[PDB]
Amino acid sequence: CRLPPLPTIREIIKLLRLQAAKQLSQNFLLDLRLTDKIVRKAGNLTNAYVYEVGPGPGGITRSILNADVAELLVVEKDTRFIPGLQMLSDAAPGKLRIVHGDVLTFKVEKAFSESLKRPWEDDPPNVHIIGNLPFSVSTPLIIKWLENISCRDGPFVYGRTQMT
RNA sequence: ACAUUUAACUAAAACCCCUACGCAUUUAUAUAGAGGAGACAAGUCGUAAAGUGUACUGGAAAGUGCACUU
Ligand SMILES: [Mg+2]
C-alpha cells in the first residue's frame, strides 16, 4: 500500500494554524519505528478489527494499516487532522473508517459486526483496541472501560477485547 | 568388655576381646520457570523565573503540597 508521507512538525504547526513551535500543547510520536514497535507489541493483528483512538498525525494509524488489519475504525476529536486521515483512507481503500467524535462518549458496541461477539469464556474476540491519547484522556478512558468490563458491556460486548 | 596357665635333674611351652553409616553431613552437576548486563543499534533511517530533594496524584506529555539554591 502506497501510504502518503508522514507529516513533519512544520506541516503539523501549519495545520494547527499556530505559526509557532512553542504553543503546541501536544506531543507527537512522528517516528514510525517506535509506532511499528508498539503495534508489534499489540499482538498479531492479521485480519483483526482494530479500534484505534487518538490518531493525531497518524503514525500509529500507518503502522496499524501496514499490518494486515481487516478494518480499522479511527476516532479523532480534532477536525483539523481529518483531511490527513482522509488522504490516508484514500491510500487504503476500505480499511479505514474515520469518525469525528469524543472517545469518552463514542459507542463501540455497535461499530463492528455482531458475528464477532465471542463468549466470555472463549478467547479474546479478534477485536483489538490501540491508543496513544493525551495522558489527560487515557485515565478517564481506562477507568470507564474497567467499569465496562465489570459490567461486560460496551467494547466488551464482543468478549474479552484486548487493549494497548 | 577382659584375664596367669602349665612347667622348672639343661629349660621351656601357651596367648589372638566385642562395637555402622544414616530419611545423618559437605560440596557440586542436570533439569521447569523467571530475571539482568553488553554493543547509543550503522544506514539503501527520519528530520529544522529556573533548578534540587521529598510526599500524594484516578482528567498525570506532568500537577499540586513542604522545604531549599541563584
Ligand atoms: Mg491532581
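Per chain, numbering begins at 1; letters A, B, ... match sequence-line order. Values below: every heavy atom of this structure, side chains too, minus hydrogens, waters and symmetry copies.
Nearest nucleotide to the side chain of A:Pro140, out of B:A48, B:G59, B:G58: B:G59. Listed nucleotides B:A61, B:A48, B:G58 differ in distance to A:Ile9; the shortest reach to its side chain belongs to B:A48.
When the rule of centres under 5.5 Å and planes under 30° is applied to the neighbouring bases of B:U19 and B:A20, their six-membered rings do not qualify as stacked. Both conditions, centre separation below 5.5 angstrom and plane angle below 30 degrees, hold for the six-membered rings of B:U29 and B:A30. Neighbouring nucleotides B:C17 and B:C18 stack on each other, with six-membered ring centres less than 5.5 Å apart and ring planes inclined by less than 30°. Annotated as not stacked: the bases of B:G43 and B:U44, by the 5.5 Å centre and 30° plane rule. Using a cut-off of 5.5 Å between ring centres and 30° between planes, the six-membered base rings of B:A8 and B:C9 fail to qualify as stacked.
Following rounding to the nearest Å, A:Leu34 (CG) and B:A41 (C1') show an atom-to-atom distance of 13 Å. Rounded to a whole Å, the CG atom of A:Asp36 is 13 Å from the P atom of B:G46. Rounding to whole angstrom units, CG of residue A:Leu141 and P of B:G59 are separated by 14 Å. Atoms CG (A:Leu29) and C1' (B:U47) sit 14 Å apart, rounded to a whole Å. To the nearest angstrom, P of B:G58 lies 17 Å from CD of A:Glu147. Atom CZ in A:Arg33 sits about 7 Å away from atom P in B:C45, given to the nearest Å. A straight line from CD of A:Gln26 to P of B:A62 spans 12 Å, rounded to a whole angstrom. Computed from coordinates, the A:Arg10 CZ to B:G46 P distance equals 17 Å when rounded to whole Å.
For B:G43, the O4'-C1' to base torsion is within 90° of 0; the nucleotide is therefore syn. Under the 90° criterion around 0 for the glycosidic angle, B:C15 counts as anti.
For B:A12 and B:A8, the P atoms lie 14 Å apart once the distance is rounded to whole Å. Taking atom P on both nucleotides, B:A41 is separated from B:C45 by 14 Å, rounded to a whole Å. The separation of B:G53 from B:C40, taken at their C1' atoms, amounts to 30 Å, rounded to a whole angstrom. B:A34 and B:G22 are spaced 41 Å apart, taking the P atom of each and rounding to whole Å. Between B:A20 and B:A24, the distance separating the two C1' atoms is 12 Å to the nearest Å. B:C56 and B:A60: their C1' atoms are spaced 12 Å apart (whole Å). Separation of the P atoms belonging to B:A11 and B:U6 is 23 Å when rounded to the nearest angstrom. Only the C1' atoms considered, B:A1 is 10 Å distant from B:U19, to the nearest whole Å.
By the neighbour-count criterion of 12 heavy atoms within 6.0 Å, atom CZ of A:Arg10 is sparsely surrounded, having that number or fewer from other residues, nucleotides or ligands.
A side-chain contact (heavy atoms from CB on, under 4.5 Å) with A:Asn148 is found for one member of A:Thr161, A:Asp153, A:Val157, A:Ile143 and no other, namely A:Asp153.
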Go through it in stages, so that I can follow the logic: the residues are A:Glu11 and A:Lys14, the test is side-chain contact (heavy atoms from CB on, under 4.5 Å), and I'd like the CA-CA distance, side-chain angles, deciding distance and then a yes or no.
CA-CA 5 Å; A:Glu11 281 154 351; A:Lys14 185 173 73 67; 5.6 Å; no
side-chain contact (heavy atoms from CB on, under 4.5 Å) evaluation trace for A:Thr8 with A:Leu30
CA-CA 7 Å; A:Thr8 64; A:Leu30 300 186; 5.7 Å; no
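Sugar pucker of B:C9: north, since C1'-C2'-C3'-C4' comes out positive. A negative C1'-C2'-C3'-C4' angle places the sugar of B:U44 in the south (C2'-endo) family. Going by the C1'-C2'-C3'-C4' torsion, the sugar of B:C21 sits on the south side, since that angle is negative. For B:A13, the sign convention on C1'-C2'-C3'-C4' gives a north pucker, since the angle is positive. Judged by the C1'-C2'-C3'-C4' torsion, which is positive here, the sugar of B:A7 sits on the north, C3'-endo side.
When both pairing distances are held under 3.5 Å, B:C21 makes no Watson-Crick or G-U pair with any nucleotide shown. Nucleotide B:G43 forms no Watson-Crick or G-U wobble pair with any nucleotide shown, as no partner meets the under 3.5 Å limit on both distances. Pairing for B:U31 is absent, judged as Watson-Crick or G-U wobble with the two contacts each under 3.5 Å. Pairing for B:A7 is absent, judged as Watson-Crick or G-U wobble with the two contacts each under 3.5 Å. B:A67 and B:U52 make up a base pair, with Watson-Crick or G-U wobble contacts both under 3.5 Å.
In the model, A:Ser150 has no side-chain atom that pairs as donor or acceptor with a side-chain atom of A:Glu147 under 3.5 Å.
Salt bridge A:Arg80/A:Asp78: present, at least one basic N to carboxylate O contact under 4.0 Å.
At the heavy-atom level, A:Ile13 lies nowhere under 4.0 Å from the strands shown. When heavy atoms are screened at a 4.0 angstrom cut-off, A:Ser136 is found touching base atoms of the nucleic acid. Looking at heavy-atom distances under 4.0 Å, A:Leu104 makes contact with a base.
In terms of modelled atom types and a separation under 3.5 Å, the side chain of A:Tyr51 and the main chain of A:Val108 share no donor-acceptor contact. Put simply, the side chain of A:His100 gets close to the backbone of A:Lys77: a donor and an acceptor are under 3.5 Å apart. Of the possible donor and acceptor atoms, none in the side chain of A:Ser89 sits under 3.5 Å from a partner among the backbone N and O of A:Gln86.
Stacking is found between A:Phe135 and the pyrimidine-like six-membered ring of the B:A61 base under the 5.5 Å centre-distance and 30° plane-angle cut-offs.
Along RNA chain B, the nucleotide nearest A:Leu30 and the nucleotide nearest A:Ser25 are compared for position; the residue whose nucleotide lies closer to the 5' end is A:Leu30.
The base of B:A61 is paired with the side chain of A:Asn132 by a donor and an acceptor separated by under 3.5 Å.
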